[PDB]
């Protein structure tokens, strides 16, 4: 039923509307969120040399694939709110504060008009299109670019990240370009800071393209 589906959304989102979206998505014991992160390359927009040196600015279009469990967005799918999945705006719920650290701008831009899909068991899946602008090295007909992602404020004991389907590389399921990928690897690291306290989880991708 269509009414129940909307009443169900209002039901789940009501917590977030009354207490806000800030803070880890647990009402009971505060646990650890495990984010599944995937990066699917679509195309290169431009590679522009910085000055007359061997660095350059690479602008890419990609799809950022995110998944996590939100304890607050749970229901039992039995009459009449008997659905396995529901569509929700990412601006109406908690979302990981995942940033592109080495962004040449403030951050990557994600299309937040892109809806997320919430399952009965609380598993959120959010797959926004994305624009990424980073500093590359352009030397000997090769453009090598790094991409660095992680939660800004949450440590490993609060937000953790692992590669989707444990593939430590740029995914090519959405690839639509003609460029030759010379190199494609990634890495999960736990990094400590002179500014802060604990370890933080960062996914570091390395991409190299034939120029």
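Positions refer to the first chain, counted from 1.
The PDB entry reports B-factors from which the mean C-alpha value can be compared for 110-118 and 132-140; the larger average falls on 132-140. Of the two segments examined, 146-154 and 163-171, it is 163-171 that shows the higher average Cα temperature factor in the deposited entry. Taking the deposited Cα B-factors for 97, 105, 78, 92, the highest one is held by 78. Across 47, 182, 41, 33, the entry's maximum B-factor at the CA atom is seen for 182. Residue-level temperature factors show residue 20 in the lowest third of its chain, judged at the C-alpha atom. When all modelled residues of the chain are sorted by CA temperature factor, residue 26 is found within the middle third.
Annotation for residue 56: C-alpha temperature factor in the middle third relative to the rest of the modelled chain, per the entry. When the modelled residues of the chain are ordered by C-alpha B-factor, residue 195 sits in the highest third.
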